[PDB]
């Protein structure tokens, strides 16, 4: 069975931020308009019995003083008065500024994604769900004591920590246009959480990591975590087929060698050709085959309990078009039951947002990688030697 995180308060909170507006509502309302919701188990966001218990849960990763600052920032924005000079400095010391400014529900907003992704992890753990989807989650840039790139709390790190604390290994697959730096950093010394981000990287492009660091090299973990952080940076303009061929053997190799207890997928939609980022040229096409659908179906064929999370996506109706299809694909791959998605957007509350033509398909007409494959294959060998893992080196070598 397949779970999905939602709830009336949750929706309202996920829709309160200035950057993402009502995107989460478009997503869930298109999933509902396509009659996918009777197929899905609703997973409610986690709630706590005390302030101390919520605090304990968030400070499994974030610092107490950072959580204090984020909660004070919300309070400060629930009043009319400007911030004082001392409070401006306090917020600045946590990067609670720039692309992560305050607003009246910033703490509740950030916490909501944490509640969602922790209940999604718990559902996988008690085996209630084989796969769980949280399109209100996936905020991979937040750090221990630092907000970054619209991310204030790192719900993914907290979810992954709850999975490993239940020998357990987690594979994290980050499909966002941007390097998943917060999650990579959090598990930099941990062999039990292998992280893999594919992304655009180029000079000046946010956040700047996930690429070359004497000829330059890739850092890939430290201490017992050495070789446990994987990265594949790609050039702008890549299409579905080339991106699919680029990540396919890496994904298959990671599964064979690591044999994960769980997979966590960040499924940011800003690689889409129609995203205002306009960097990659992926689609939501399902006959070109969507790079996203290819990767998700491949991960699901492994039959490992899987958390599927949102992330970037700044063309809100096209993010909804993609994630609706990811959601139908998951139901199909898990229940064994075919889903039939009409190519035309069904009438519903946000139907006008899908003009001028109202189709499910997005409105688009479509050797470095080989060196990267040899580097990654060797890193996987090193990881597997360091961590005393058995594996047929010629079974993995033929995947490429």
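Residue numbers count along the first chain shown, from 1.
Enquirer: Between residue 366 and residue 367, count the deposited residues left without coordinates and pick a bin: none, 1 to 3, 4 to 9, 10 or more.
Expert: According to the record, 4 to 9 deposited residues lack coordinates from residue 366 to residue 367.
Enquirer: Would you mind comparing 272-280 and 179-187 for me and telling me which has the higher average C-alpha temperature factor in the entry?
Expert: According to the PDB entry, the answer is 272-280.
Enquirer: Comparing 85-93 with 120-128, which stretch shows the greater average C-alpha B-factor in the deposited entry?
Expert: Per the deposited B-factors, the answer is 120-128.
Enquirer: Checking the entry, which one of 350, 48, 61, 66 has the top C-alpha B factor?
Expert: Going by the entry's C-alpha B-factors, 350 comes out highest.
Enquirer: Among 222, 300, 289, 163, which residue carries the highest C-alpha B-factor recorded in the PDB entry?
Expert: By C-alpha B-factor in the record, 289 ranks first.
Enquirer: Mind checking which third residue 206 falls in for C-alpha B-factor across the chain?
Expert: CA B-factor rank for residue 206: lowest third.
Enquirer: By its CA B factor, does residue 341 count among the lowest, middle or highest third of the modelled residues in the chain?
Expert: According to the entry, residue 341 has a C-alpha B-factor in the chain's highest third.
Enquirer: Taking only the Cα B-factors deposited for this chain, tell me whether residue 217 sits in the lowest, middle or highest third.
Expert: Ranked within chain, residue 217 CA B lands in the highest tercile.
Enquirer: Among the modelled residues of this chain, does the Cα B factor of residue 140 put it in the lowest, middle or highest third?
Expert: Lowest third.
Enquirer: Thinking about Cα B factors across the chain, which third does residue 52 belong to?
Expert: Answer is lowest: the recorded C-alpha B-factor places it there.
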